[PDB]
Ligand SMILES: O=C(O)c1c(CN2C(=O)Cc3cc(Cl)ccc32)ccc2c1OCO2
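Consider the single chain below, provided in structure tokens and representing the form solved without the named molecule.
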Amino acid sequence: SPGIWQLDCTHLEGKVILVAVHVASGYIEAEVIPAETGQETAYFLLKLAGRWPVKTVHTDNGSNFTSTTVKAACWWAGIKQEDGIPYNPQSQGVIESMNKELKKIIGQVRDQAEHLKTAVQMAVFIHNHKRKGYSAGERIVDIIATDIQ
């Protein structure tokens, strides 16, 4: 559980927002890319795994699951690549809810930034600091620290 992440791809302003969610905490990292390719997804995962102890990734679709470049990145970074099929159906709804939330926050900051990528990073900040009480940022650190110890 401490090492499990889920990929999520959502769209805004004709652009693609790639999101990784740490399933147990709700903590996220995200980037704007022009389109969701294996190459972009691979690079994103490499970045993520250098920054957090990523053991398992549930990929967001079959193209990324199949991608040789994504498989290469997962091999390189020691990530178990899995499918992202919601065997538990409450999963789709949770992802859907998070995308709606992220887009709402993006709307709330959009005028403070010229570029979408900046608004997305503001949204990441607000999401990860939001008190729900602990924040998602607090939860991920606590979860991982408990695991290490």
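The numbering used is simple: start at 1 and walk along the sequence shown.
The form deposited with the named molecule bound is left out here; the points below concern that form.
Any of the heavy atoms of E101 lying within 4.5 Å of the named molecule in the deposited bound form? Within the cut-off, so yes.
Closest heavy atom of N88 to the named molecule in the deposited bound form, within 4.5 Å or not? Contact check for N88: no, nothing within 4.5 Å of the named molecule in the deposited bound form.
Within a 4.5 Å heavy atom cut-off, is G26 in contact with the named molecule in the deposited bound form? Heavy-atom contact with the named molecule at 4.5 Å: present for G26.
What residues, if any, in 62-95 have a non-hydrogen atom within 4.5 angstroms of the named molecule in the deposited bound form? Residue within 4.5 Å: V94 only.
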